[PDB]
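Colleague: Take this structure, written in structure tokens, and hold onto it; I'll ask about it next.
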Amino acid sequence: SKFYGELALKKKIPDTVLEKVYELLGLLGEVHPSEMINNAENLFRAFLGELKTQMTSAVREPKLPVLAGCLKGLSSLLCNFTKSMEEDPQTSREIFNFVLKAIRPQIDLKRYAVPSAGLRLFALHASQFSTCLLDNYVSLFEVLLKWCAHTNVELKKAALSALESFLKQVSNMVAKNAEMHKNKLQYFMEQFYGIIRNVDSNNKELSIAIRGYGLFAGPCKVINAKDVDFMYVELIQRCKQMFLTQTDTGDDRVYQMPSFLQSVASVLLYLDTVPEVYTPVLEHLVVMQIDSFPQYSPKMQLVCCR
Amino acid sequence: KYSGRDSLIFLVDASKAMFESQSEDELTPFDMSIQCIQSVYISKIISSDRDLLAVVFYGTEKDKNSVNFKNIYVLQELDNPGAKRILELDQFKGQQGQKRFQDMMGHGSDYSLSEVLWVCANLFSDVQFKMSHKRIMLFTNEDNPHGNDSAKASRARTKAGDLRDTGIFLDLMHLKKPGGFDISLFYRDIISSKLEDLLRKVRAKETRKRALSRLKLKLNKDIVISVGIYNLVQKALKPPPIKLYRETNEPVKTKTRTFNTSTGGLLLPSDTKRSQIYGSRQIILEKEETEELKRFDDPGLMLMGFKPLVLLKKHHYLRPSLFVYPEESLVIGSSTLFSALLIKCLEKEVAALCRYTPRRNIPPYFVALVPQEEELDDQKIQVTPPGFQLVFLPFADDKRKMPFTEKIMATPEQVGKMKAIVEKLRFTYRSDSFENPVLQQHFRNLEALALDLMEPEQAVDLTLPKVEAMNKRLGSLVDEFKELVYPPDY
Amino acid sequence: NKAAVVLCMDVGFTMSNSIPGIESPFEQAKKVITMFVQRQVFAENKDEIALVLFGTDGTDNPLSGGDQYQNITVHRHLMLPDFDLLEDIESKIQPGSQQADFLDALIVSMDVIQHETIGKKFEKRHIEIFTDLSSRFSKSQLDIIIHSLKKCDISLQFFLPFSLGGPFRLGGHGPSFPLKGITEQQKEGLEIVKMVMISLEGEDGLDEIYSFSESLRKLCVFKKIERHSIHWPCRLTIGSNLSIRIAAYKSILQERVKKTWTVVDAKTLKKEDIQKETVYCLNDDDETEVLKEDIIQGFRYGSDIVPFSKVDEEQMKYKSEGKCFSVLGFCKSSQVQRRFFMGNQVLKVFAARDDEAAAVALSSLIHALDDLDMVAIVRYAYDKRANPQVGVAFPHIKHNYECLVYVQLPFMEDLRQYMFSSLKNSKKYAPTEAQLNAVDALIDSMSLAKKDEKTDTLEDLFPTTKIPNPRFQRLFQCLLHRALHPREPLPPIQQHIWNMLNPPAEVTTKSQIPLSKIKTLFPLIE
DNA sequence: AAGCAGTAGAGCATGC
DNA sequence: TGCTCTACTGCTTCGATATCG
DNA sequence: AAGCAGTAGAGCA
DNA sequence: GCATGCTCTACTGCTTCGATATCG
């Protein structure tokens with residue numbers, strides 16, 4: 001009540017304390033949501049109205065840090081009070097249009113604070129907007145695949161998380177519908193083909209190709225039930241002569257095993273009619289993974305165990 | 001420097017003789033010095049209230065300083081003028097004030113030397129701000145403090161050389177022991193009398209030099225020149241009326257809100273729109289649209305051709321005229337073109353016309369730019385700025401109209417009598433000095449509760465004319481000047 | 001007061017005429033009339049407007065016989081105008097014309113004003129008349145209508161098309177007729193309206209006629225419709241007893257709007273359900289919220305804050321005993337310069353009324369003062385609430401009026417004077433002679449004044465004293481668009497605004513090669 | 001408008 | 001019936017309020 | 001928020 | 001060839017003071 005009465009006075013606070021009072025109004029809504037059960041509706045509106053009167057204006061440079069504050073405030077508030085599209089497909093797409101304008105690049109400026117906020121907003125929460133991602137995926141994939149090569153440490157791995165959550169959210173939705181998305185599936189798979197067959201440097205393009213390959217090897221078994229069998233044969237035949245035969249003993253190219261293993265697991269979970277010729281290659285692979293420990297890094301050292 | 005300041009050490013002599021009444025019964029020079037000190041502080045408390053001041057008495061019996069040398073005792077540290085410090089400096093008047101000085105320190109010793117200049121230097125060497133002027137107004141009388149030994153004088157002039165090494169400027173106020181120029185002794189290889197000016201010509205003023213705007217002028221679309229737009233008739237008034245909590249002498253710092261849609265609660269400024277109402281129909285806008293419709297141009301000045309100085313009549317004005325000048329901060333070397341354009345404008349009497357948008361968002365106004373040249377002589381008499389002046393012109397609804405239906409003639413006899421009256425009442429107008437009645441009585445009225453002397457000093461009016469001094473300057477031609485050609489006679 | 005303004009409108013046959021190759025005059029006509037209506041509605045004045053229109057294919061008239069009063073439609077009556085008339089005028093863009101005459105519109109409009117003038121006070125009336133002056137007319141009755149227009153006590157102003165007898169947009173400080181813009185009907189109609197206007201008024205009748213070109217950029221649409229000004233009486237004194245009763249009026253002032261933006265919360269479209277207030281909250285600490293009767297209006301002094309809130313300054317305030325218009329003295333020197341005037345308004349001390357021997361005495365005063373550079377330093381105040389101020393009283397001898405014009409003056413607290421680095425004695429900033437001749441060619445070829453007709457009085461275009469101000473105009477049209485077009489974004493500003501506010505481009509074409517000479521001759525810019 | 005400081009995207013030297 | 005009050009009233013003045021460079 | 005002179009409705013008549 | 005020790009100056013932002021449009 002005090003920090004909600006505090007900001008409705010005259011416009012005199014020099015905006016960077018406005019940043020922290022926005023984030024405090026968010027974090028206070030994240031922890032203990034059994035006291036603000038009747039006054040958690042209007043904090044959506046007080047975040048959103050500031051979003052509109054900061055973003056939609058044909059005059060004055062936008063106040064920069066207030067946007068980062070309000071965005072991670074809405075990130076903290078979106079848990080436990082979810083107004084998804086399943087009962088309100090208006091405010092959800094409104095928030096999505098605001099976050100798409102937040103990630104709308106259009107320029108090559110510096111001090112990437114507000115699109116970093118927008119990236120992790122779309123990362124840590126993505127399942128709330130079911131129906132309004134099935135048409136702008138080329139645009140999102142284009143801007144994200146530009147952002148993942150930014151040569152910045154703190155932004156790249158914040159982009160990767162939104163990328164992987166985007167693929168993991170489009171996977172179940174392209175599964176559960178009827179036969180209408182052969183173009184989308186083939187487009188994703190052929191862009192993954194054109195990325196897995198680039199040969200200059202890009203380890204990260206290879207890894208995101210393998211990860212999407214594995215996540216989409218699930219919903220392919222709907223009608224065809226032959227491309228699934230051609231898959232995993234493609235996987236082992238690509239993987240073996242890439243680290244087990246050469247670049248095995250002394251090299252730098254051993255930072256890649258969890259991608260291959262997560263993909264092989266994701267096809268083997270729902271595969272039927274097993275091949276039974278390649279498991280003496282699979283064994284050599286995973287024992288090479290268990291051997292290859294101490295040249296790793298945490299947050300990779302844990303997903304190798306995963 | 002803009003936020004730089006100026007210090008002032010007031011050094012007062014008290015060893016033997018300045019405490020003397022000069023075998024007279026008018027006034028002592030000691031209390032004359034305290035008159036001058038209290039007047040300069042009562043001036044600079046409201047005139048220039050951020051300078052750095054200090055006052056030091058030398059020669060006495062005790063000594064309190066930060067270096068512990070004899071006969072040197074200070075009362076104030078280098079600081080802003082404090083009303084408490086002047087309410088403790090005003091008690092040294094009269095015989096009982098002289099007695100108070102005598103029983104808190106007395107006076108008289110084998111007094112100071114180079115060491116009082118040393119304690120002035122170490123008073124200057126401590127305060128961490130920016131300094132521009134550093135003057136010492138010494139209050140002493142005698143013309144040989146080295147009246148017995150030459151090493152005192154040699155080390156004193158060497159110490160003055162080392163103080164002029166860093167350049168600390170001292171220039172005393174000599175008292176009137178002969179009333180003027182007779183004792184011209186050897187106090188001349190130290191420095192490089194008039195006190196009524198310091199007594200009363202500093203009543204209430206302010207001093208500042210900013211710029212107010214730094215814009216650019218566009219001739220076609222691609223001739224950009226960087227100018228600064230100064231103001232030179234500031235139109236001042238009183239400092240603001242602070243609110244105060246009653247008993248504990250504290251400010252309030254109030255707040256404000258808006259709510260109450262007959263439900264209670266609190267409404268944010270995000271849900272607020274603007275409107276106008278005609279009878280029944282109300283046109284609704286957002287605040288972005290309201291501030292959007294006053295948008296016509298970029299910030300800057302726009303050239304629109306030339307004019308000769310014959311049509312812009314001095315009947316036309318609406319604004320305190322500003323002043324503009326070129327600066328070599330944004331666009332490199334534009335004062336060359338400005339000096340050439342100045343030369344040809346003063347050689348061909350021509351003046352420009354422009355369209356003005358000063359701030360980043362404002363409707364335009366048409367201005368005219370008039371040339372101007374300096375005046376100078378040997379005494380550094382800089383009185384007029386070299387540059388351009390901006391006269392402001394009305395547009396459409398300003399020039400109203402009178403009913404216009406009146407015209408009567410006259411007859412040429414009264415021209416010579418009126419010439420006699422205007423030559424009786426003739427004077428050169430001014431150079432200054434028509435000070436403000438309301439502000440002068442206000443600052444004296446504030447002074448009356450500030451120092452609690454007795455009462456409001458009735459600040460003398462000056463805007464009124466001396467009616468008797470024009471009655472007797474006129475004479476007894478008033479009644480014939482009434483009824484020479486126009487008798488009322490009821 | 002109250003006025004009864006009449007308008008006559010022609011969208012007749014030649015008003016449905018085509019372009020010359022640039023633009024139609026009918027859209028200029030509708031722009032001029034809608035400008036008049038938005039200003040005379042959004043001024044919130046107390047007045048009655050009537051409109052009449054001829055040039056439609058109907059007949060709305062209480063008298064109508066054959067061709068006499070044919071297609072003479074009294075669409076509007078003398079009422080207070082509202083949004084309905086501007087709805088109609090953006091619902092009347094149809095050419096749609098059958099017509100035979102335009103002279104009788106004036107007499108049917110004057111007759112319906114004769115049948116309207118019941119009860120209310122109509123001290124003055126004006127008609128703005130929009131015929132086309134090129135369609136067929138008749139020479140039937142002229143003496144009766146000349147005598148009626150001379151006797152009706154109603155002013156009239158006629159509106160020609162864009163011609164009289166390069167790229168003309170609407171009006172841009174340029175030419176009216178392209179090469180020759182007249183027909184024989186235009187010849188006879190223009191000489192007939194010239195003889196009627198000469199016999200009506202005389203010499204101002206030469207300029208009691210306006211086109212669509214420069215009546216757009218001038219407020220000649222407002223003449224004898226408003227009340228003049230507000231009268232101010234006082235008594236001037238020189239010395240002890242030279243008390244002469246003097247009237248005075250105000251002049252040029254920084255004009256401002258007269259409508260307040262009203263706060264409206266979301267979801268309500270209303271105001272009265274909003275309480276906007278301030279709370280008196282002693283913070284200093286954890287807050288203890290106080291009331292209003294704890295407030296000492298304390299002032300600043302040096303490094304402390306002192307009391308004397310309210311009644312103490314009510315005791316020791318300053319007075320100057322009522323109104324006063326005294327003379328301090330006079331000054332024969334012309335040393336009150338051009339740059340110390342410092343005034344938010346300028347005054348005309350003029351005359352008095354009621355057998356003005358006092359004003360002919362002031363006429364003698366100023367007819368003495370006018371010969372030499374001897375000015376007056378008046379002390380002026382308005383009331384005891386007002387503040388005293390000294391200032392200059394300039395003489396003003398003219399043809400019809402004899403004025404003294406009063407401006408304020410600074411006190412020696414408002415001046416400030418600081419040192420500048422001069423530029424005449426420079427070591428780096430000397431310009432050379434080719435650059436001097438370049439800027440001489442600049443100030444030659446960028447001029448605006450021209451002299452001719454062998455008398456050498458100056459002809460100068462672009463009068464930045466008659467050009468209207470764009471601010472309230474753009475605000476009014478944006479108000480009208482958001483009123484009618486209910487949810488569209490705000491339009492671009494109109495092109496006749498920039499037609500008024502743009503320089504003549506021919507001087508830019510004259511001096512374009514000088515600008516290239518400047519760029520290639522002078523040293524580096526940025 | 002002056003000015004006053006301190007963050008921070010951006011590179012270099014280094015380890016496993 | 002005209003003068004004489006009389007509540008209103010347009011209109012002005014600073015004054016505290018708000019915005020910005 | 002404060003004042004000052006103009007301008008149509010009562011009261012004694 | 002990826003994840004750390006180590007400098008680095010331009011950008012931006014808050015404070016201080018002064019100036020101007022505003023409802024009453």
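Each chain in the structure tokens gets a letter, A, B and so on, in the order shown; residues start at 1 in every chain, and ligands are counted from 1 in the order they appear.
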Set out as JSON lines a contact list for chain F and chain C with a cut-off of 12 Å, giving each residue of chain F that qualifies its closest atom pair and distance in Å to one decimal, counting only C-alpha atoms (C1' of nucleotides), ordered by chain and rising residue number.

Modeller:
```
{"residue": "F:2", "atom": "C1'", "partner": "C:385", "partner_atom": "CA", "distance": 8.2}
{"residue": "F:3", "atom": "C1'", "partner": "C:385", "partner_atom": "CA", "distance": 7.4}
{"residue": "F:4", "atom": "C1'", "partner": "C:383", "partner_atom": "CA", "distance": 8.3}
{"residue": "F:5", "atom": "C1'", "partner": "C:232", "partner_atom": "CA", "distance": 9.6}
{"residue": "F:6", "atom": "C1'", "partner": "C:231", "partner_atom": "CA", "distance": 10.4}
```

Colleague: Keeping N, CA, C and O atoms (P, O5', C5', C4', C3', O3' and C1' of nucleotides) for every residue in the selection just given, could you write it to a file as a tab-separated table (two decimals), in the first residue's frame?

Modeller:
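What ended up in again.tsv:
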```tsv
chain	number	residue	atom	x	y	z
F	2	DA	P	-7.48	35.92	-1.66
F	2	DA	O5'	-7.07	37.15	-2.60
F	2	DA	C5'	-8.01	38.20	-2.84
F	2	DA	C4'	-7.29	39.49	-3.21
F	2	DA	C3'	-8.09	40.74	-2.98
F	2	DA	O3'	-7.23	41.84	-3.08
F	2	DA	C1'	-8.05	40.32	-5.25
F	3	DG	P	-7.67	43.28	-2.53
F	3	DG	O5'	-8.19	44.03	-3.83
F	3	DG	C5'	-8.58	45.38	-3.74
F	3	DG	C4'	-8.73	45.98	-5.11
F	3	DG	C3'	-9.96	46.87	-5.27
F	3	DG	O3'	-9.70	47.83	-6.27
F	3	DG	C1'	-10.14	45.10	-6.74
F	4	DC	P	-9.89	49.40	-5.97
F	4	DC	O5'	-9.56	50.09	-7.37
F	4	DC	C5'	-9.45	49.28	-8.54
F	4	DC	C4'	-10.38	49.77	-9.63
F	4	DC	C3'	-11.51	50.66	-9.14
F	4	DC	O3'	-11.93	51.50	-10.19
F	4	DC	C1'	-12.42	48.70	-10.00
F	5	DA	P	-12.45	52.99	-9.88
F	5	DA	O5'	-13.36	53.34	-11.14
F	5	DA	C5'	-12.86	53.11	-12.45
F	5	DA	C4'	-13.87	52.34	-13.29
F	5	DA	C3'	-15.24	53.02	-13.44
F	5	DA	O3'	-15.70	52.87	-14.78
F	5	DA	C1'	-15.52	50.85	-12.62
F	6	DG	P	-16.76	53.91	-15.39
F	6	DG	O5'	-17.87	52.98	-16.05
F	6	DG	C5'	-17.59	52.31	-17.28
F	6	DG	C4'	-18.38	51.02	-17.39
F	6	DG	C3'	-19.88	51.18	-17.65
F	6	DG	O3'	-20.31	50.20	-18.58
F	6	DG	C1'	-19.55	49.85	-15.75
```

Colleague: Using only C-alpha atoms (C1' of nucleotides), which protein or nucleic acid residues come within 12 Å of range 5-18 of chain E? Drop anything in the same chain fewer than 5 positions from it, and give the result as a ChimeraX atom specification.

Modeller: /A:10-12 /B:237-238,240-243 /C:229-232,250,381-388 /F:1-12 /G:20-24

Colleague: Of the candidates B:428, B:440, B:213, B:15, which shows the shortest atom-to-atom distance to chain E, using only C-alpha atoms (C1' of nucleotides)?

Modeller: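 With only C-alpha atoms (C1' of nucleotides) as the atom set, the closest residue is B:213.
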
Colleague: For CA of residue 196 in chain C and CA of residue 220 in chain C, quote the distance in Å rounded to one decimal.

Modeller: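 The value is 19.9 Å.
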
Colleague: Near residue 6 in chain D, within 12 Å and counting only C-alpha atoms (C1' of nucleotides), which residues show up once chain neighbours fewer than 5 positions away are dropped, as a CSV table (one decimal) with N, CA and C atoms (P, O5', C5', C4', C3', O3' and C1' of nucleotides), in the first residue's frame?

Modeller:
```
chain,number,residue,atom,x,y,z
G,9,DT,P,41.9,6.0,-21.9
G,9,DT,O5',40.7,6.9,-22.5
G,9,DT,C5',40.3,6.8,-23.9
G,9,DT,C4',38.8,6.8,-24.1
G,9,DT,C3',38.1,8.2,-23.8
G,9,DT,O3',37.0,8.3,-24.7
G,9,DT,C1',37.2,6.6,-22.4
G,11,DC,P,30.1,9.5,-27.0
G,11,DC,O5',29.3,8.9,-25.7
G,11,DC,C5',29.1,7.5,-25.6
G,11,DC,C4',27.9,7.2,-24.8
G,11,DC,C3',26.7,8.1,-24.8
G,11,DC,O3',25.5,7.4,-24.8
G,11,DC,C1',27.6,8.1,-22.6
G,12,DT,P,24.1,8.1,-24.9
G,12,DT,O5',23.7,8.2,-23.4
G,12,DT,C5',23.9,7.1,-22.5
G,12,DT,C4',23.6,7.4,-21.1
G,12,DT,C3',22.4,8.4,-20.8
G,12,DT,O3',21.7,7.8,-19.8
G,12,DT,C1',24.3,9.1,-19.7
G,13,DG,P,20.1,8.2,-19.5
G,13,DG,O5',20.2,8.4,-17.9
G,13,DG,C5',21.3,7.9,-17.1
G,13,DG,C4',21.5,8.7,-15.8
G,13,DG,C3',20.3,9.6,-15.5
G,13,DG,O3',20.2,9.7,-14.1
G,13,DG,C1',22.3,10.8,-15.6
G,14,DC,P,18.8,10.0,-13.4
G,14,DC,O5',19.2,11.0,-12.2
G,14,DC,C5',20.0,10.5,-11.1
G,14,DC,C4',20.8,11.7,-10.4
G,14,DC,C3',19.9,12.7,-9.8
G,14,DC,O3',20.4,13.1,-8.5
G,14,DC,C1',21.5,13.7,-11.3
```

Colleague: Which polymer residues have any atom within 9 Å of an atom of residue 2 in chain D, counting only C-alpha atoms (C1' of nucleotides), with same-chain residues fewer than 3 positions away left out, as a VMD selection string?

Modeller: (chain B and resid 2 to 3 210) or (chain G and resid 16)

Colleague: Filtering to N, CA, C and O atoms (P, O5', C5', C4', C3', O3' and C1' of nucleotides), could you give me those residues as a short mmCIF file (atom, residue, chain, number, x, y, z; two decimals), in the first residue's frame?

Modeller:
```cif
data_model
loop_
_atom_site.label_atom_id
_atom_site.label_comp_id
_atom_site.auth_asym_id
_atom_site.auth_seq_id
_atom_site.Cartn_x
_atom_site.Cartn_y
_atom_site.Cartn_z
N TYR B 2 32.23 29.54 -14.01
CA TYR B 2 30.87 29.98 -13.77
C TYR B 2 30.45 29.79 -12.31
O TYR B 2 29.98 30.74 -11.68
N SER B 3 30.58 28.59 -11.77
CA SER B 3 30.32 28.39 -10.35
C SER B 3 31.59 28.52 -9.52
O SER B 3 31.90 27.69 -8.68
N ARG B 210 24.93 33.59 -17.41
CA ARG B 210 24.63 32.33 -18.09
C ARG B 210 24.40 32.62 -19.57
O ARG B 210 24.88 33.62 -20.09
P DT G 16 22.04 19.91 -5.21
"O5'" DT G 16 22.17 21.28 -5.99
"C5'" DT G 16 23.41 21.66 -6.54
"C4'" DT G 16 23.26 22.91 -7.36
"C3'" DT G 16 22.24 23.90 -6.81
"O3'" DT G 16 22.85 25.18 -6.71
"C1'" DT G 16 21.82 23.46 -9.11
#
```

Colleague: What does the distance from CA of residue 388 in chain B to CA of residue 372 in chain B come to in Å, to one decimal?

Modeller: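 According to the coordinates, CA of residue 388 in chain B and CA of residue 372 in chain B are separated by 5.7 Å.
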
Colleague: With only C-alpha atoms (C1' of nucleotides) as the atoms that count, which of B:212, B:356, B:343, B:382 lies nearest to chain E?

Modeller: B:212

Colleague: Report, in Å with one decimal, the straight-line distance from CA of residue 71 in chain A to CA of residue 51 in chain A.

Modeller: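 According to the coordinates, CA of residue 71 in chain A and CA of residue 51 in chain A are separated by 8.5 Å.
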